[PDB]
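One structure below.
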Amino acid sequence: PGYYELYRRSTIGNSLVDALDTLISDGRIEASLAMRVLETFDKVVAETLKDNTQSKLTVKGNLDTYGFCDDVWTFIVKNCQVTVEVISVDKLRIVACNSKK
Amino acid sequence: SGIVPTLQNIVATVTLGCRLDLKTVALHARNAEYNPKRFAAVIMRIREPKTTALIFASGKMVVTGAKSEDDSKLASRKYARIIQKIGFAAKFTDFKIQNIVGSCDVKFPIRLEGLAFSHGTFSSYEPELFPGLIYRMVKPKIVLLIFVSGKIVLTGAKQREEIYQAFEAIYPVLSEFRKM
Amino acid sequence: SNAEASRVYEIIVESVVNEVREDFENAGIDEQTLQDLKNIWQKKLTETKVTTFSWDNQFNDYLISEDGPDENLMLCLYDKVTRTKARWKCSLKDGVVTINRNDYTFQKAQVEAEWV
DNA sequence: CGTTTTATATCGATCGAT
DNA sequence: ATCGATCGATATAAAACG
């Protein structure tokens, strides 16, 4: 009964893992508490991106690799144009989960 | 006739002779998709020759999209080679082409309903369902999809020669119902 | 660089701290430690420099195969994936992406890549 | 039964778009 | 509400198989 954990691999999620690990190594918290924070994070990111996101970007390029396993799509786009709101990107890994249960 | 149908698709089967963990294949092969909930096989594609393979847990697979007998065997060998490279005792066995599809263009229009009424026992035409006329040829046993445009689809062949013989046989009747 | 991303990040850290305050108390860990987590979390974020924060002034083959501040990575949800021949079209939503040390967040993303 | 390929073509759609 | 548009059938052969 939870949310996807892919977001822990993002910049903000990875920073949280860092902060969480320093407190664990300092013995300021237990690893279990750290894991519980990560699981709350998963929820909060999913809700924050759903309710406080407005931008709509688009990616155009050559699909170098694709993959679909366990209800997860992975794409490696090379030599593409990412337009936000235009960005040139040599390589871009896209990992996505199902919007449905 | 002066025209030679173009082979557009060849379906072949290959027994790799060894059980497979589809979940593992999907994990180590690139361009692979595995969704057992809808199909109990791993779908994998390669670029040379541009084809798509259906790999099963039984170790057997189907290779589609090939445009020549050679590309089909060649592509089949690459898929088997990947399965091996992943870690299975896969072998290239029982290669066999199961279906060849070809298309043509006689260049002229065709009065389909006249062709259907004339060859009622072989053709089924009902634009409501499908715009093309379905001609079920007896010898060779090839199914043709005849369109008003002059475009011809021939399928059901196991030898590329059957597509050719099927087209030669139908050309006279196609010509007979040419809109002119 | 990106206002939206900045906003989303700040909302996430403040929101996560509120959601776990109850678990810290339940674990015997005091409020200062929770705050410490927020602080270290904030510092780390600033160190990455993927966008600017309101607290920044305080911190003056055929087989599968990388991941770091230099990997351009998009993590998100998918509405529908479809391909015709070698032309793929991906409708994405609620995602975040790091492109050349800069972060962006999106409501919707449209992908059009050709597998060739 | 579902999935894949592929040529071919027509009839509703929803479809951003007037 | 209306466009050119792309979208999901519709039809064909055939194998794999849970």
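In what follows, every chain begins at residue 1, and chains take the letters A, B, ... in the order their sequences are listed.
Considering only side-chain atoms of B:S103, the nucleotide from D:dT5, D:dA7, E:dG8 that sits closest is D:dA7. Nearest nucleotide to the B:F147 side chain, out of E:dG8, D:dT8, D:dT5: D:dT8. Closest to the B:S149 side chain, of the nucleotides D:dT5, D:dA9, D:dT4, is D:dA9. Checking E:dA14, D:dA7, E:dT10 against every side-chain atom of B:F130, the shortest atom distance belongs to E:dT10. In the set E:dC7, E:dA16, D:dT3, D:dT3 carries the atom at the smallest distance from any side-chain atom of B:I43. Of the candidates E:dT12, D:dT5, E:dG18, the closest approach to any side-chain atom of B:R45 belongs to D:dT5. With D:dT8, E:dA11, D:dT5 as the candidates, the nucleotide lying closest to the side chain of B:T64 is D:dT5. Considering only side-chain atoms of B:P131, the nucleotide from D:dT10, E:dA15, D:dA7 that sits closest is D:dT10. Between E:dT10, D:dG2, D:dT6, one nucleotide has an atom nearer to the side chain of B:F39 than all others, and that is D:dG2. Nearest to the side chain of B:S58, among E:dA13, E:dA15, E:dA16, sits E:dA16.
When the nearest nucleotides of DNA chain D are assigned to B:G65 and B:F56 by heavy-atom distance, the more 5′-ward of the two goes with B:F56. Comparing B:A57 and B:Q98 by the nucleotide of DNA chain E whose heavy atom lies nearest to each, the residue mapping closer to the 5' end is B:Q98.
Base stacking of D:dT8 on D:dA9: absent by the 5.5 Å centre and 30° plane cutoffs. In this strand, E:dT10 does not stack on its neighbour E:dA11 when judged by six-membered ring centres under 5.5 Å apart and planes inclined by less than 30°.
The phosphate of E:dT12 has OP1 or OP2 within less than 4.0 Å of a side-chain N or O from B:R136. Taking side-chain N and O atoms only, B:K151 has no distance below 4.0 Å to OP1 or OP2 of D:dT6. Between C:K85 and the phosphate of D:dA7, there is a side-chain N or O to OP1/OP2 separation shorter than 4.0 Å. Between D:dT5 and C:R83, a contact under 4.0 Å exists linking OP1 or OP2 to a side-chain N or O.
When the P atom of E:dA14 is taken as reference, atom NZ of B:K60 falls 18 Å away, rounded to whole Å. Atom-to-atom, CD of B:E128 to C1' of D:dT10 comes out at 12 Å; the value is rounded to the nearest Å. The CD-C1' distance, from C:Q110 to D:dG16, rounds to 12 Å in whole Å. For B:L22 and E:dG18, the CG to P distance is 10 Å, given to the nearest whole Å. Across the protein-nucleic acid pair, B:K141 atom NZ and E:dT12 atom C1' stand 12 Å apart, rounded to whole Å. Rounded to a whole Å, the CG atom of B:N9 is 18 Å from the P atom of D:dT3. Counting to the nearest Å, the P atom of E:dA15 and the CD1 atom of B:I10 are 16 Å from each other. Rounded to whole Å, atom P of E:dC17 lies 20 Å from atom CZ of B:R38.
Judged by distance alone, the side chains of C:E112 and A:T58 never bring a donor and an acceptor atom under 3.5 Å apart. Side chain to side chain, B:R30 and A:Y66 fail the donor-acceptor criterion of an N or O pair below 3.5 Å. Residues A:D64 and C:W115 bring no donor and acceptor atom of their side chains to less than 3.5 Å of each other. Between the side chains of B:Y79 and B:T51, at least one donor N or O sits under 3.5 Å from an acceptor N or O.
Between B:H119 and B:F122, the ring planes lie tilted relative to each other; the angle falls in the 30° to 60° range. Ring planes of B:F56 and B:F39: perpendicular class, angle over 60° (limits at 30 and 60°).
C:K89 comes within 4.0 angstrom of no nucleic acid atom, judged by non-hydrogen atoms across all strands. Residue contacts for B:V143: at a heavy-atom cut-off of 4.0 Å it reaches the sugar-phosphate backbone alone, with no base atom in range. Using a 4.0 Å heavy-atom cutoff across all strands shown, B:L54 reaches at least one base atom of the nucleic acid.
Residues passing the side-chain hydrogen bond (donor to acceptor under 3.5 Å, both in side chains) test with B:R136, sequence neighbours excluded: none.
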### Task
For salt bridge (charged side-chain N to carboxylate O under 4.0 Å, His left out), just list the numbers for A:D90 and A:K78, CA-CA rounded to whole Å, side-chain angles, deciding distance to a tenth of an Å, and then say yes or no.
CA-CA 5 Å; A:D90 57 308; A:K78 289 195 175 187; over 6 Å; no
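Scanning atom types as modelled, no donor and acceptor separated by under 3.5 angstrom connect the side chain of B:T13 and the base of E:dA15.
The salt bridge (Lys or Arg N to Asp or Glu O under 4.0 Å) pairs that include a residue from residues 77-99 of chain B number zero, where partners must be two or more places apart or lie in different chains.
Helical stems in DNA chain D, defined as runs of 3 or more consecutive Watson-Crick or G-U wobble pairs with donor-acceptor distances under 3.5 Å: D:2-18 with E:1-17.
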